[PDB]
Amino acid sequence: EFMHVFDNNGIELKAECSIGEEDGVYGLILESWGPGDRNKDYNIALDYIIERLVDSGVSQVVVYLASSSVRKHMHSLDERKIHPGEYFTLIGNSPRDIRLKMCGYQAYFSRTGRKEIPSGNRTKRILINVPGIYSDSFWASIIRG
C-alpha cells in the first residue's frame, strides 16, 4: 500500500512515501521515522530525493509539515509550511547539507503549534511540492532513481 524510495543501485530503502494531492497541494509525502526502525532511512531517502530533484532541473520546492498532530492543530496551510519564505532552495550545497537545513525547520514544530527554540525530532511526515508539477510520473522518477 505504501511506495518507497530506492537507492542508486535500485535497492528499496526503509522509507515509506506516497504521491498525490493532500490539503490542495500535489507532491511527495515522506512518512516519519520512528519508533525504532520504522522508516529509518528517512535521511538517506531524503538526500536522494533532493539530489535527483536537482538533477531533474528543480532548484526550489515548498515543504509542509504533514503529521496528523500538526494537521489537526495548525489549520493554516501557510503556517504548516516549514520554511519562512515562499520557497525552499535545493542548490548551492551538497544534498546532505540541504537536508540538514530543510529538516532543521521541522524542529520548530510541536504537537500543537510552533516553538521559540527548535528542539526534538526532525524526521516527521512532510509534503514536498514542486511548483507547476501535478504529475505522478515525475515524482515516480525522483523516488525510483
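The first residue of the shown sequence is 1; numbering continues from there.
- The PDB entry records a higher mean C-alpha B factor for 91-99 than for its counterpart among 91-99 and 22-30.
- Taking only CA atoms, the mean B-factor in the PDB entry is higher for 109-117 than for the other of 43-51 and 109-117.
- Placement of the Cα temperature factor of residue 16 within the chain: lowest third of the modelled residues, per the deposited record.
- In the PDB entry, residue 60 places in the middle third of its chain by CA B-factor.
- Split the chain's modelled residues into thirds by C-alpha temperature factor. Residue 2 is in the highest one.
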